[PDB]
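Heads up, the Cβs are rebuilt from the backbone with ideal geometry, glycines too, and the neighbour counts pull from every protein chain shown. Please treat every number below as a calculation from the coordinates, not as lab data.
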Amino acid sequence: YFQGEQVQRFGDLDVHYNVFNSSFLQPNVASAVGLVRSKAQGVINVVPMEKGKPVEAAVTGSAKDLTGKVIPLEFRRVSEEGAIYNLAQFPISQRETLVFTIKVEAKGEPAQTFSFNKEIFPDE
């Protein structure tokens, strides 16, 4: 899912990411990471890259709301149709602005961390 895709760049390391409703996940992709597709659940996809090529990485992170409540994120790796994805699910209970903090540990490389804001909208 490319709609709303963003890129954070750290020299050679280009981190592509997107936050969307888990209903937009393909059934085979969701099953592979054990996520039950639900309008009540969001998903974040993190795809790290170097020189236009995908790189193996440990992706970790969390999201925080305005009350300081931390939403833990557990990323799971899935390789579907040659493309490698790092997906984490999170519940959507209401309209909210979340601050996402993601850490990317690419193979043999020092860790990189980035943050971004995302407005979450529950779906009917």
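Quick look at the values:
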{"item": "Net lengthening on full extension, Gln6/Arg95 (0.36 nm per residue, minus Cα-Cα)", "result": "29.9 nm"}
{"item": "Under 18 Å from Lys51, Cα to Cα: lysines that are on another chain or at least 8 residues apart", "result": "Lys107"}
{"item": "Length-normalised contact order for the chain - Cα pairs under 8 Å, 6+ apart - percent", "result": "23"}
{"item": "Exposed trypsin sites (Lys or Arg not before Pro) absent - longest run of the chain, DSSP non-H/G/I/E/B, at most 15 other C-beta within 10 Å", "result": "1-38"}
{"item": "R0 of 22 Å, Cβ-Cβ distance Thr67-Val36: FRET efficiency to nearest 0.05", "result": "0.25"}
{"item": "Those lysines that a straight Cα-Cα span of less than 16 Å connects to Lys64, excepting residues fewer than 8 apart in one chain", "result": "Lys103, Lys118"}
{"item": "Net charge of neighbours whose Cβ lies under 15 Å from the Cβ of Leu35, counting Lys and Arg as +1 and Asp and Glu as -1", "result": "+2"}
{"item": "Size of charge dipole - the chain - debye, nearest 20, with Cβ of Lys, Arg +1 and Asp, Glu -1, no other charges", "result": "180"}
{"item": "q = 0.12, 0.17 Å⁻¹: log10 I(q)/I(0) that the Debye formula gives for the range 1-58, counting C-alpha atoms only", "result": "-0.33, -0.63"}
{"item": "Rg in Å to one decimal, and Dmax rounded to a whole Å, for the range 24-124 via C-alpha atoms", "result": "14.2, 44"}
